[PDB]
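Engineer: Got a structure for you, upload_21.txt, holding compact mmCIF, C-alpha atoms.
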# COMPACT_ATOMS: atom_id res chain seq x y z
CA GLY A 1 -163.92 43.44 48.78
CA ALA A 2 -160.19 43.19 49.46
CA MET A 3 -159.33 41.14 46.36
CA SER A 4 -160.86 43.89 44.24
CA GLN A 5 -159.73 46.86 46.32
CA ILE A 6 -156.05 45.87 46.64
CA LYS A 7 -154.00 46.72 43.54
CA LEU A 8 -150.58 45.70 44.87
CA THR A 9 -149.25 42.23 44.12
CA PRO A 10 -147.97 39.98 46.94
CA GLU A 11 -144.43 40.87 45.86
CA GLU A 12 -145.17 44.60 45.98
CA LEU A 13 -146.74 44.18 49.42
CA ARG A 14 -143.63 42.37 50.69
CA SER A 15 -141.43 45.09 49.23
CA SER A 16 -143.37 47.76 51.16
CA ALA A 17 -143.44 45.57 54.26
CA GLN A 18 -139.63 45.33 54.30
CA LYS A 19 -139.35 49.12 54.50
CA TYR A 20 -141.63 49.26 57.52
CA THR A 21 -139.71 46.65 59.48
CA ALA A 22 -136.33 48.18 58.63
CA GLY A 23 -137.73 51.54 59.68
CA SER A 24 -139.06 50.13 62.97
CA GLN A 25 -135.68 48.63 63.83
CA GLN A 26 -133.83 51.87 62.99
CA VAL A 27 -136.16 53.94 65.22
CA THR A 28 -135.74 51.47 68.10
CA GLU A 29 -131.96 51.52 67.69
CA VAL A 30 -131.81 55.31 67.85
CA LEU A 31 -134.04 55.34 70.93
CA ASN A 32 -131.95 52.76 72.77
CA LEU A 33 -128.65 54.42 71.90
CA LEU A 34 -129.79 57.88 72.95
CA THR A 35 -131.52 56.63 76.09
CA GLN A 36 -128.06 55.38 77.06
CA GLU A 37 -126.46 58.76 76.17
CA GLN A 38 -129.04 60.58 78.30
CA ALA A 39 -127.96 58.46 81.28
CA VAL A 40 -124.26 59.09 80.61
CA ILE A 41 -124.96 62.81 80.45
CA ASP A 42 -126.98 62.63 83.68
CA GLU A 43 -124.17 60.88 85.58
CA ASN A 44 -121.25 62.94 84.27
CA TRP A 45 -123.02 66.26 84.67
CA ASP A 46 -123.98 66.85 88.30
CA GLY A 47 -126.56 69.60 88.62
CA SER A 48 -129.87 70.41 86.98
CA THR A 49 -128.70 72.38 83.96
CA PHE A 50 -129.81 69.46 81.79
CA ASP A 51 -133.12 68.79 83.56
CA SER A 52 -135.38 70.40 80.96
CA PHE A 53 -133.96 68.35 78.06
CA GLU A 54 -134.13 65.23 80.19
CA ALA A 55 -137.84 65.84 80.74
CA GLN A 56 -138.65 66.55 77.13
CA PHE A 57 -136.80 63.39 76.11
CA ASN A 58 -138.67 61.42 78.76
CA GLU A 59 -142.07 62.71 77.74
CA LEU A 60 -141.61 62.01 73.99
CA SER A 61 -139.82 58.68 74.41
CA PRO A 62 -142.94 56.49 74.90
CA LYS A 63 -144.41 57.97 71.69
CA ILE A 64 -141.31 56.87 69.77
CA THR A 65 -141.77 53.30 71.02
CA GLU A 66 -145.42 53.41 69.90
CA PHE A 67 -144.27 54.54 66.43
CA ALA A 68 -141.75 51.73 66.22
CA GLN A 69 -144.40 49.20 67.27
CA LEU A 70 -146.85 50.60 64.71
CA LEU A 71 -144.36 50.28 61.86
CA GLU A 72 -143.62 46.68 62.80
CA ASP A 73 -147.37 45.98 63.05
CA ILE A 74 -147.83 47.34 59.52
CA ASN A 75 -145.03 45.05 58.36
CA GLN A 76 -146.75 42.02 59.91
CA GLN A 77 -150.17 42.86 58.41
CA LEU A 78 -148.75 43.48 54.92
CA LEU A 79 -146.92 40.13 55.02
CA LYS A 80 -150.03 38.19 56.08
CA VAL A 81 -152.19 39.91 53.44
CA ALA A 82 -149.53 39.08 50.80
CA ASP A 83 -149.64 35.40 51.81
CA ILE A 84 -153.45 35.29 51.66
CA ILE A 85 -153.56 36.95 48.24
CA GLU A 86 -150.82 34.66 46.97
CA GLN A 87 -152.69 31.54 48.06
CA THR A 88 -155.86 32.99 46.51
CA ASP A 89 -154.18 33.50 43.13
CA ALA A 90 -152.95 29.92 43.38
CA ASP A 91 -156.40 28.55 44.20
CA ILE A 92 -158.13 30.49 41.44
CA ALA A 93 -155.49 29.31 38.99
CA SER A 94 -156.10 25.65 39.85
CA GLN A 95 -159.90 26.08 39.71
CA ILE A 96 -159.32 26.76 36.00
CA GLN B 5 -119.08 69.73 88.00
CA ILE B 6 -118.89 68.63 84.35
CA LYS B 7 -116.90 65.41 84.17
CA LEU B 8 -117.19 65.09 80.37
CA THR B 9 -114.38 66.60 78.33
CA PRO B 10 -115.12 68.69 75.23
CA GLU B 11 -114.15 65.68 73.10
CA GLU B 12 -116.55 63.41 74.98
CA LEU B 13 -119.25 66.05 74.67
CA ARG B 14 -118.76 66.21 70.89
CA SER B 15 -118.81 62.43 70.63
CA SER B 16 -122.18 62.37 72.40
CA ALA B 17 -123.49 65.28 70.32
CA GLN B 18 -122.65 63.37 67.13
CA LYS B 19 -124.91 60.56 68.27
CA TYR B 20 -127.79 62.96 68.88
CA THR B 21 -127.56 64.61 65.47
CA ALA B 22 -127.18 61.27 63.65
CA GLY B 23 -130.23 59.98 65.54
CA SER B 24 -132.16 63.09 64.62
CA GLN B 25 -131.32 62.57 60.96
CA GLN B 26 -132.05 58.85 60.99
CA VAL B 27 -135.42 59.23 62.69
CA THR B 28 -136.42 61.90 60.18
CA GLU B 29 -135.22 59.63 57.35
CA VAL B 30 -137.51 56.83 58.49
CA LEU B 31 -140.47 59.20 58.89
CA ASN B 32 -140.05 60.65 55.40
CA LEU B 33 -139.46 57.31 53.75
CA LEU B 34 -142.50 55.64 55.33
CA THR B 35 -144.68 58.73 54.87
CA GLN B 36 -144.22 58.09 51.11
CA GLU B 37 -144.96 54.39 51.61
CA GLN B 38 -148.18 55.27 53.45
CA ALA B 39 -149.17 57.24 50.35
CA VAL B 40 -148.42 54.27 48.12
CA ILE B 41 -150.66 52.05 50.24
CA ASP B 42 -153.41 54.66 50.39
CA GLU B 43 -153.38 54.98 46.57
CA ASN B 44 -153.27 51.25 45.85
CA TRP B 45 -155.71 49.94 48.42
CA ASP B 46 -159.22 51.34 47.88
CA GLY B 47 -161.66 51.57 50.75
CA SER B 48 -161.32 52.12 54.46
CA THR B 49 -159.72 48.92 55.76
CA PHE B 50 -156.28 50.54 56.18
CA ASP B 51 -157.85 53.68 57.72
CA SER B 52 -156.90 52.81 61.28
CA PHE B 53 -153.19 52.33 60.47
CA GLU B 54 -153.34 55.59 58.50
CA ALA B 55 -154.85 57.43 61.46
CA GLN B 56 -152.37 55.96 63.97
CA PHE B 57 -149.44 56.90 61.71
CA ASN B 58 -150.77 60.44 61.14
CA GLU B 59 -151.39 60.94 64.85
CA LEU B 60 -147.82 59.96 65.85
CA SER B 61 -146.06 61.76 62.96
CA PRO B 62 -145.97 65.22 64.66
CA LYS B 63 -144.39 63.69 67.79
CA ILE B 64 -141.74 62.03 65.66
CA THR B 65 -140.96 65.44 64.18
CA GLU B 66 -140.78 66.99 67.68
CA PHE B 67 -138.47 64.21 68.87
CA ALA B 68 -136.10 64.58 65.91
CA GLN B 69 -135.91 68.30 66.54
CA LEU B 70 -135.32 67.73 70.29
CA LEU B 71 -132.40 65.43 69.38
CA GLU B 72 -130.87 68.10 67.12
CA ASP B 73 -131.36 70.83 69.75
CA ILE B 74 -129.51 68.67 72.27
CA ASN B 75 -126.71 68.23 69.75
CA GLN B 76 -126.43 71.99 69.24
CA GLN B 77 -126.26 72.71 72.98
CA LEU B 78 -123.66 69.99 73.61
CA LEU B 79 -121.50 71.58 70.90
CA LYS B 80 -121.89 75.04 72.43
CA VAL B 81 -120.99 73.78 75.89
CA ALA B 82 -118.02 71.84 74.49
CA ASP B 83 -116.70 75.05 72.95
CA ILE B 84 -117.11 77.02 76.16
CA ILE B 85 -115.28 74.35 78.15
CA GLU B 86 -112.55 74.04 75.54
CA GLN B 87 -111.71 77.73 75.86
CA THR B 88 -111.91 77.50 79.66
CA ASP B 89 -109.50 74.57 79.77
CA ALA B 90 -107.11 76.51 77.56
CA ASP B 91 -107.36 79.66 79.67
CA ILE B 92 -106.61 77.73 82.85
CA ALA B 93 -103.69 75.84 81.28
CA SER B 94 -102.24 79.11 79.99
CA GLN B 95 -102.76 80.76 83.39
CA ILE B 96 -100.82 78.07 85.28
CA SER B 97 -98.00 77.61 82.76
CA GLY B 98 -97.51 81.34 82.13
In structure tokens, what does this structure look like?
Structural biologist:
Amino acid sequence: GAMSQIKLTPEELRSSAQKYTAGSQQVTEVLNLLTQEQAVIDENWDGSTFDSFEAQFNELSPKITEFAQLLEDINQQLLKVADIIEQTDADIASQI
Amino acid sequence: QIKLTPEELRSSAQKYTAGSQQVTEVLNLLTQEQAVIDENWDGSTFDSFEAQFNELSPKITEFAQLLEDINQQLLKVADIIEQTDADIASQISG
């Protein structure tokens, strides 16, 4: 099962995990910033010249949030798996 | 009609192109991490996360490109307006 199938150590899992959570935060930050810029552009540019970009942004936006949530979810799972493996190593060590 | 000056337009554009780049950076970086996990975790347990990531990836690419396209248009419009503002100033003064 998992103990056999997983080759990464708890430390290696945590190292990967950190990249996912940093990535998730960066994606969220870009989305929030540019969602604000879209509004600014909408309010200081009367008309409909910008309507097509607005709509593309709006359609993709929820997908970007899903991505960010996925990356954070991967972080959480990796961390929990690392903990479980680490405790396992500890228990097996004691047993002998 | 356009309340934003060319300088304000370029300031906004810079945020779009930096966002584009940053989003793509995260995608590329974690695409390699996905491969690390795939290679070092045998079996199908991580298959769902792999599928979800692979499914969203193309949208992340579309979004990054949308961001850059917006940047490029903002720059073009800023240039147009810059020339316009100069032409009008020169008209009135001259």
Engineer: Using only C-alpha atoms, which residue out of B:82, B:90, B:68, B:96 lies closest to residue 26 in chain B?
Structural biologist: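 Among the listed residues, the smallest separation from residue 26 in chain B belongs to B:68.
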Engineer: Could you list, with a cut-off of 8 Å and counting all atoms listed in the file, the residues of chain A near chain B, each shown with its nearest atom pair and the distance in Å rounded to one decimal, rows sorted by chain and ascending number, as JSON lines?
Structural biologist:
{"residue": "A:5", "atom": "CA", "partner": "B:46", "partner_atom": "CA", "distance": 4.8}
{"residue": "A:6", "atom": "CA", "partner": "B:45", "partner_atom": "CA", "distance": 4.5}
{"residue": "A:7", "atom": "CA", "partner": "B:44", "partner_atom": "CA", "distance": 5.1}
{"residue": "A:8", "atom": "CA", "partner": "B:44", "partner_atom": "CA", "distance": 6.2}
{"residue": "A:16", "atom": "CA", "partner": "B:37", "partner_atom": "CA", "distance": 6.8}
{"residue": "A:19", "atom": "CA", "partner": "B:34", "partner_atom": "CA", "distance": 7.3}
{"residue": "A:20", "atom": "CA", "partner": "B:34", "partner_atom": "CA", "distance": 6.8}
{"residue": "A:23", "atom": "CA", "partner": "B:30", "partner_atom": "CA", "distance": 5.4}
{"residue": "A:26", "atom": "CA", "partner": "B:26", "partner_atom": "CA", "distance": 7.5}
{"residue": "A:27", "atom": "CA", "partner": "B:27", "partner_atom": "CA", "distance": 5.9}
{"residue": "A:30", "atom": "CA", "partner": "B:23", "partner_atom": "CA", "distance": 5.4}
{"residue": "A:34", "atom": "CA", "partner": "B:20", "partner_atom": "CA", "distance": 6.8}
{"residue": "A:37", "atom": "CA", "partner": "B:16", "partner_atom": "CA", "distance": 6.8}
{"residue": "A:44", "atom": "CA", "partner": "B:7", "partner_atom": "CA", "distance": 5.0}
{"residue": "A:45", "atom": "CA", "partner": "B:6", "partner_atom": "CA", "distance": 4.8}
{"residue": "A:46", "atom": "CA", "partner": "B:5", "partner_atom": "CA", "distance": 5.7}
{"residue": "A:47", "atom": "CA", "partner": "B:5", "partner_atom": "CA", "distance": 7.5}
{"residue": "A:53", "atom": "CA", "partner": "B:74", "partner_atom": "CA", "distance": 7.3}
{"residue": "A:56", "atom": "CA", "partner": "B:70", "partner_atom": "CA", "distance": 7.7}
{"residue": "A:57", "atom": "CA", "partner": "B:70", "partner_atom": "CA", "distance": 7.4}
{"residue": "A:60", "atom": "CA", "partner": "B:67", "partner_atom": "CA", "distance": 6.4}
{"residue": "A:61", "atom": "CA", "partner": "B:67", "partner_atom": "CA", "distance": 7.9}
{"residue": "A:63", "atom": "CA", "partner": "B:63", "partner_atom": "CA", "distance": 6.9}
{"residue": "A:64", "atom": "CA", "partner": "B:64", "partner_atom": "CA", "distance": 6.6}
{"residue": "A:67", "atom": "CA", "partner": "B:60", "partner_atom": "CA", "distance": 6.5}
{"residue": "A:70", "atom": "CA", "partner": "B:57", "partner_atom": "CA", "distance": 7.4}
{"residue": "A:74", "atom": "CA", "partner": "B:53", "partner_atom": "CA", "distance": 7.4}
Engineer: Using all atoms listed in the file, can you list as JSON, numbers by chain the residues within 12 Å of (-139.9, 42.0, 55.9)?
Structural biologist: {"A": [11, 12, 13, 14, 15, 16, 17, 18, 19, 20, 21, 22, 23, 24, 25, 71, 72, 73, 74, 75, 76, 77, 78, 79, 80, 82]}
Engineer: Between CA of residue 85 in chain A and CA of residue 2 in chain A, what is the spacing in Å?
Structural biologist: 9.2 Å
Engineer: Interatomic distance between CA of residue 98 in chain B and CA of residue 86 in chain B?
Structural biologist: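 A separation of 18.0 Å between them.
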Engineer: Just give me the gap between CA of residue 83 in chain B and CA of residue 58 in chain A in Å, one decimal is fine.
Structural biologist: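 About the pair CA of residue 83 in chain B and CA of residue 58 in chain A: they are 26.5 Å apart.
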